Amino acid sequence: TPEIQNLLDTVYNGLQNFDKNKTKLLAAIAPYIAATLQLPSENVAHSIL
Amino acid sequence: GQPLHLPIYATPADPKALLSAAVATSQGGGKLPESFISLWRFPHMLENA
(Lines give C-alpha, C1' and ligand atoms only; values in the text may rest on other atoms or scores of the structure.)
Protein backbone atom coordinates (compact mmCIF):
# COMPACT_ATOMS: atom_id res chain seq x y z
CA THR A 1 0.00 0.00 0.00
CA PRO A 2 1.20 3.59 -0.48
CA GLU A 3 0.83 4.18 3.27
CA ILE A 4 3.08 1.29 4.26
CA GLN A 5 5.36 2.45 1.45
CA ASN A 6 5.40 5.90 3.10
CA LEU A 7 6.41 4.15 6.33
CA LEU A 8 9.20 2.43 4.39
CA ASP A 9 10.37 5.72 2.87
CA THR A 10 10.32 7.55 6.20
CA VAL A 11 12.26 4.82 8.01
CA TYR A 12 14.63 4.52 5.05
CA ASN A 13 15.52 8.21 5.09
CA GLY A 14 15.42 8.25 8.87
CA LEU A 15 17.72 5.39 9.73
CA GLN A 16 20.02 6.16 6.83
CA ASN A 17 23.53 6.85 8.19
CA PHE A 18 23.44 4.03 10.76
CA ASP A 19 26.12 1.73 12.15
CA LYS A 20 25.29 -1.35 14.19
CA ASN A 21 28.14 -1.05 16.67
CA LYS A 22 27.43 2.61 17.43
CA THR A 23 24.00 2.08 18.98
CA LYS A 24 21.05 -0.27 19.24
CA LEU A 25 18.99 -0.78 16.10
CA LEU A 26 15.75 -1.00 18.09
CA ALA A 27 16.24 2.32 19.89
CA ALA A 28 17.07 3.90 16.54
CA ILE A 29 13.94 2.66 14.78
CA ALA A 30 11.70 3.22 17.83
CA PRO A 31 10.64 6.87 17.12
CA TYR A 32 9.45 6.20 13.56
CA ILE A 33 7.60 3.12 14.77
CA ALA A 34 6.12 5.14 17.64
CA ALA A 35 4.89 7.78 15.21
CA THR A 36 3.67 5.60 12.34
CA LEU A 37 1.90 3.27 14.75
CA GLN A 38 0.85 6.40 16.72
CA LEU A 39 2.21 5.02 19.96
CA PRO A 40 2.49 7.49 22.85
CA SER A 41 5.69 6.28 24.53
CA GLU A 42 9.04 5.06 23.30
CA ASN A 43 9.31 2.18 25.77
CA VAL A 44 6.06 0.87 24.28
CA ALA A 45 7.71 0.89 20.85
CA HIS A 46 10.63 -0.92 22.48
CA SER A 47 8.17 -3.42 23.95
CA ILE A 48 6.32 -4.22 20.74
CA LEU A 49 9.60 -4.75 18.86
CA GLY B 1 -67.75 -3.91 9.94
CA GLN B 2 -65.15 -3.71 12.69
CA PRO B 3 -62.74 -6.58 11.95
CA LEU B 4 -62.26 -9.19 14.64
CA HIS B 5 -58.58 -9.50 13.78
CA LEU B 6 -56.22 -6.81 14.92
CA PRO B 7 -53.96 -5.30 12.24
CA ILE B 8 -50.30 -6.23 11.99
CA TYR B 9 -47.73 -3.62 13.02
CA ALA B 10 -44.92 -2.58 10.71
CA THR B 11 -41.23 -2.86 11.55
CA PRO B 12 -39.32 0.40 10.95
CA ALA B 13 -36.50 0.56 8.44
CA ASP B 14 -32.84 0.29 9.34
CA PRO B 15 -30.85 3.55 9.21
CA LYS B 16 -27.66 3.74 7.19
CA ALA B 17 -24.28 4.15 8.90
CA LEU B 18 -22.44 6.92 7.07
CA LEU B 19 -18.80 5.97 6.74
CA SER B 20 -15.83 7.98 5.53
CA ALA B 21 -12.66 6.66 3.92
CA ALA B 22 -9.33 8.31 4.72
CA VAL B 23 -6.48 7.44 2.36
CA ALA B 24 -3.00 8.86 1.89
CA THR B 25 -0.91 9.56 -1.21
CA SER B 26 2.74 8.98 -2.07
CA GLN B 27 4.63 11.85 -3.67
CA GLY B 28 8.10 11.04 -4.95
CA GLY B 29 11.09 12.59 -3.23
CA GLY B 30 13.42 15.05 -4.89
CA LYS B 31 16.95 14.20 -5.94
CA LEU B 32 19.99 16.40 -5.57
CA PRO B 33 21.19 19.22 -7.83
CA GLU B 34 24.65 19.25 -9.34
CA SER B 35 27.83 19.76 -7.34
CA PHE B 36 29.15 23.21 -8.22
CA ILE B 37 32.55 24.00 -6.73
CA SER B 38 33.36 27.44 -5.35
CA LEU B 39 36.36 29.57 -4.42
CA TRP B 40 35.85 29.59 -0.70
CA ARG B 41 37.43 27.37 1.92
CA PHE B 42 35.40 25.37 4.37
CA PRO B 43 34.52 27.65 7.36
CA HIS B 44 33.27 30.65 5.37
CA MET B 45 31.03 28.52 3.17
CA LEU B 46 29.89 26.64 6.27
CA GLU B 47 28.87 29.81 8.11
CA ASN B 48 27.19 31.10 4.95
CA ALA B 49 25.13 27.93 4.59
# chains A, B, ... in the order shown; residues from 1 in each chain; ligands from 1
call {"tool": "interface_residues", "arguments": {"of": "chain A", "to": "chain B", "cutoff": "7 Å", "atoms": "only C-alpha atoms", "output": "PyMOL selection string"}}
result
chain A and resi 2-3+6
call {"tool": "write_last_selection", "arguments": {"atoms": "N, CA and C atoms", "output": "JSON list (two decimals), in the first residue's frame"}}
result
[["chain", "number", "residue", "atom", "x", "y", "z"],
["A", 2, "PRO", "N", 0.40, 2.36, -0.54],
["A", 2, "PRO", "CA", 1.20, 3.59, -0.48],
["A", 2, "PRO", "C", 1.45, 4.11, 0.93],
["A", 3, "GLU", "N", 0.62, 3.73, 1.90],
["A", 3, "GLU", "CA", 0.83, 4.18, 3.27],
["A", 3, "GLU", "C", 1.97, 3.41, 3.93],
["A", 6, "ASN", "N", 4.98, 4.66, 2.46],
["A", 6, "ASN", "CA", 5.40, 5.90, 3.10],
["A", 6, "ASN", "C", 6.13, 5.62, 4.41]]
call {"tool": "atom_distance", "arguments": {"atom1": "atom CA of residue 24 of chain A", "atom2": "atom CA of residue 5 of chain A"}}
result
23.9 Å
call {"tool": "atom_distance", "arguments": {"atom1": "atom CA of residue 41 of chain B", "atom2": "atom CA of residue 17 of chain A"}}
result
25.6 Å
call {"tool": "atom_distance", "arguments": {"atom1": "atom CA of residue 19 of chain B", "atom2": "atom CA of residue 36 of chain A"}}
result
23.2 Å
call {"tool": "residues_around", "arguments": {"residues": "residue 7 of chain A", "least_positions_apart": "6", "cutoff": "10 Å", "atoms": "only C-alpha atoms", "output": "list in words"}}
result
residues 1, 32, 33, 35, 36 and 37 of chain A
call {"tool": "select_by_dssp", "arguments": {"residues": "chain A", "states": "alpha helix (DSSP H)", "output": "JSON, numbers by chain"}}
result
{"A": [2, 3, 4, 5, 6, 7, 8, 9, 10, 11, 12, 13, 14, 25, 26, 27, 28, 29, 30, 31, 32, 33, 34, 35, 36, 43, 44, 45, 46, 47, 48]}
call {"tool": "write_last_selection", "arguments": {"atoms": "N, CA and C atoms", "output": "PDB file, in the first residue's frame"}}
result
ATOM      1  N   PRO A   2       0.401   2.363  -0.536  1.00  0.00           N
ATOM      2  CA  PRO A   2       1.204   3.595  -0.477  1.00  0.00           C
ATOM      3  C   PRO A   2       1.449   4.106   0.931  1.00  0.00           C
ATOM      4  N   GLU A   3       0.616   3.730   1.898  1.00  0.00           N
ATOM      5  CA  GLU A   3       0.828   4.181   3.268  1.00  0.00           C
ATOM      6  C   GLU A   3       1.966   3.415   3.926  1.00  0.00           C
ATOM      7  N   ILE A   4       1.972   2.093   3.768  1.00  0.00           N
ATOM      8  CA  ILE A   4       3.081   1.294   4.263  1.00  0.00           C
ATOM      9  C   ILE A   4       4.349   1.615   3.482  1.00  0.00           C
ATOM     10  N   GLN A   5       4.213   1.978   2.206  1.00  0.00           N
ATOM     11  CA  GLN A   5       5.363   2.455   1.453  1.00  0.00           C
ATOM     12  C   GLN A   5       5.875   3.787   1.988  1.00  0.00           C
ATOM     13  N   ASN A   6       4.975   4.658   2.456  1.00  0.00           N
ATOM     14  CA  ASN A   6       5.403   5.896   3.104  1.00  0.00           C
ATOM     15  C   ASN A   6       6.132   5.618   4.407  1.00  0.00           C
ATOM     16  N   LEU A   7       5.671   4.613   5.155  1.00  0.00           N
ATOM     17  CA  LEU A   7       6.410   4.148   6.325  1.00  0.00           C
ATOM     18  C   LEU A   7       7.809   3.692   5.937  1.00  0.00           C
ATOM     19  N   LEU A   8       7.911   2.924   4.850  1.00  0.00           N
ATOM     20  CA  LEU A   8       9.204   2.431   4.388  1.00  0.00           C
ATOM     21  C   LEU A   8      10.120   3.573   3.986  1.00  0.00           C
ATOM     22  N   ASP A   9       9.571   4.583   3.316  1.00  0.00           N
ATOM     23  CA  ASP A   9      10.375   5.716   2.874  1.00  0.00           C
ATOM     24  C   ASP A   9      10.841   6.554   4.053  1.00  0.00           C
ATOM     25  N   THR A  10       9.966   6.743   5.041  1.00  0.00           N
ATOM     26  CA  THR A  10      10.321   7.549   6.199  1.00  0.00           C
ATOM     27  C   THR A  10      11.379   6.858   7.048  1.00  0.00           C
ATOM     28  N   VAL A  11      11.254   5.543   7.240  1.00  0.00           N
ATOM     29  CA  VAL A  11      12.258   4.819   8.011  1.00  0.00           C
ATOM     30  C   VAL A  11      13.556   4.701   7.220  1.00  0.00           C
ATOM     31  N   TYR A  12      13.452   4.608   5.891  1.00  0.00           N
ATOM     32  CA  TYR A  12      14.635   4.521   5.047  1.00  0.00           C
ATOM     33  C   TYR A  12      15.452   5.799   5.102  1.00  0.00           C
ATOM     34  N   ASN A  13      14.798   6.949   4.959  1.00  0.00           N
ATOM     35  CA  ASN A  13      15.522   8.207   5.086  1.00  0.00           C
ATOM     36  C   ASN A  13      15.932   8.463   6.526  1.00  0.00           C
ATOM     37  N   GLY A  14      15.156   7.968   7.477  1.00  0.00           N
ATOM     38  CA  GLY A  14      15.424   8.254   8.866  1.00  0.00           C
ATOM     39  C   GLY A  14      16.614   7.500   9.406  1.00  0.00           C
ATOM     40  N   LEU A  25      19.883  -0.942  17.237  1.00  0.00           N
ATOM     41  CA  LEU A  25      18.991  -0.778  16.098  1.00  0.00           C
ATOM     42  C   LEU A  25      17.570  -0.465  16.546  1.00  0.00           C
ATOM     43  N   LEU A  26      17.123  -1.134  17.612  1.00  0.00           N
ATOM     44  CA  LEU A  26      15.754  -0.999  18.095  1.00  0.00           C
ATOM     45  C   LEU A  26      15.476   0.399  18.614  1.00  0.00           C
ATOM     46  N   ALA A  27      16.403   0.958  19.392  1.00  0.00           N
ATOM     47  CA  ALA A  27      16.236   2.315  19.893  1.00  0.00           C
ATOM     48  C   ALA A  27      16.299   3.330  18.764  1.00  0.00           C
ATOM     49  N   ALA A  28      17.018   3.005  17.691  1.00  0.00           N
ATOM     50  CA  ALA A  28      17.071   3.897  16.544  1.00  0.00           C
ATOM     51  C   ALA A  28      15.770   3.888  15.757  1.00  0.00           C
ATOM     52  N   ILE A  29      15.163   2.717  15.573  1.00  0.00           N
ATOM     53  CA  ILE A  29      13.943   2.657  14.779  1.00  0.00           C
ATOM     54  C   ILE A  29      12.713   3.020  15.606  1.00  0.00           C
ATOM     55  N   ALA A  30      12.829   2.973  16.936  1.00  0.00           N
ATOM     56  CA  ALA A  30      11.696   3.218  17.830  1.00  0.00           C
ATOM     57  C   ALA A  30      10.916   4.526  17.653  1.00  0.00           C
ATOM     58  N   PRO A  31      11.506   5.689  17.307  1.00  0.00           N
ATOM     59  CA  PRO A  31      10.639   6.867  17.121  1.00  0.00           C
ATOM     60  C   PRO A  31       9.751   6.799  15.894  1.00  0.00           C
ATOM     61  N   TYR A  32      10.267   6.302  14.770  1.00  0.00           N
ATOM     62  CA  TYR A  32       9.455   6.198  13.564  1.00  0.00           C
ATOM     63  C   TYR A  32       8.354   5.167  13.727  1.00  0.00           C
ATOM     64  N   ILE A  33       8.636   4.095  14.463  1.00  0.00           N
ATOM     65  CA  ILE A  33       7.601   3.122  14.771  1.00  0.00           C
ATOM     66  C   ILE A  33       6.580   3.717  15.724  1.00  0.00           C
ATOM     67  N   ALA A  34       7.032   4.532  16.681  1.00  0.00           N
ATOM     68  CA  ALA A  34       6.119   5.143  17.643  1.00  0.00           C
ATOM     69  C   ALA A  34       5.219   6.172  16.979  1.00  0.00           C
ATOM     70  N   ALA A  35       5.700   6.793  15.907  1.00  0.00           N
ATOM     71  CA  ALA A  35       4.890   7.784  15.212  1.00  0.00           C
ATOM     72  C   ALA A  35       3.958   7.137  14.197  1.00  0.00           C
ATOM     73  N   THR A  36       4.482   6.227  13.372  1.00  0.00           N
ATOM     74  CA  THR A  36       3.668   5.599  12.339  1.00  0.00           C
ATOM     75  C   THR A  36       2.628   4.655  12.915  1.00  0.00           C
ATOM     76  N   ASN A  43       9.123   3.498  25.171  1.00  0.00           N
ATOM     77  CA  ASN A  43       9.312   2.183  25.770  1.00  0.00           C
ATOM     78  C   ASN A  43       8.246   1.207  25.283  1.00  0.00           C
ATOM     79  N   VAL A  44       7.071   1.715  24.905  1.00  0.00           N
ATOM     80  CA  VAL A  44       6.061   0.868  24.276  1.00  0.00           C
ATOM     81  C   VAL A  44       6.536   0.396  22.910  1.00  0.00           C
ATOM     82  N   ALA A  45       7.162   1.289  22.139  1.00  0.00           N
ATOM     83  CA  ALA A  45       7.714   0.895  20.849  1.00  0.00           C
ATOM     84  C   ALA A  45       8.891  -0.053  21.017  1.00  0.00           C
ATOM     85  N   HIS A  46       9.628   0.080  22.116  1.00  0.00           N
ATOM     86  CA  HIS A  46      10.625  -0.917  22.476  1.00  0.00           C
ATOM     87  C   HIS A  46       9.971  -2.261  22.771  1.00  0.00           C
ATOM     88  N   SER A  47       8.861  -2.224  23.509  1.00  0.00           N
ATOM     89  CA  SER A  47       8.171  -3.425  23.947  1.00  0.00           C
ATOM     90  C   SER A  47       7.633  -4.211  22.773  1.00  0.00           C
ATOM     91  N   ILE A  48       6.956  -3.531  21.851  1.00  0.00           N
ATOM     92  CA  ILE A  48       6.325  -4.219  20.736  1.00  0.00           C
ATOM     93  C   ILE A  48       7.360  -4.779  19.764  1.00  0.00           C
TER      94      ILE A  48
END
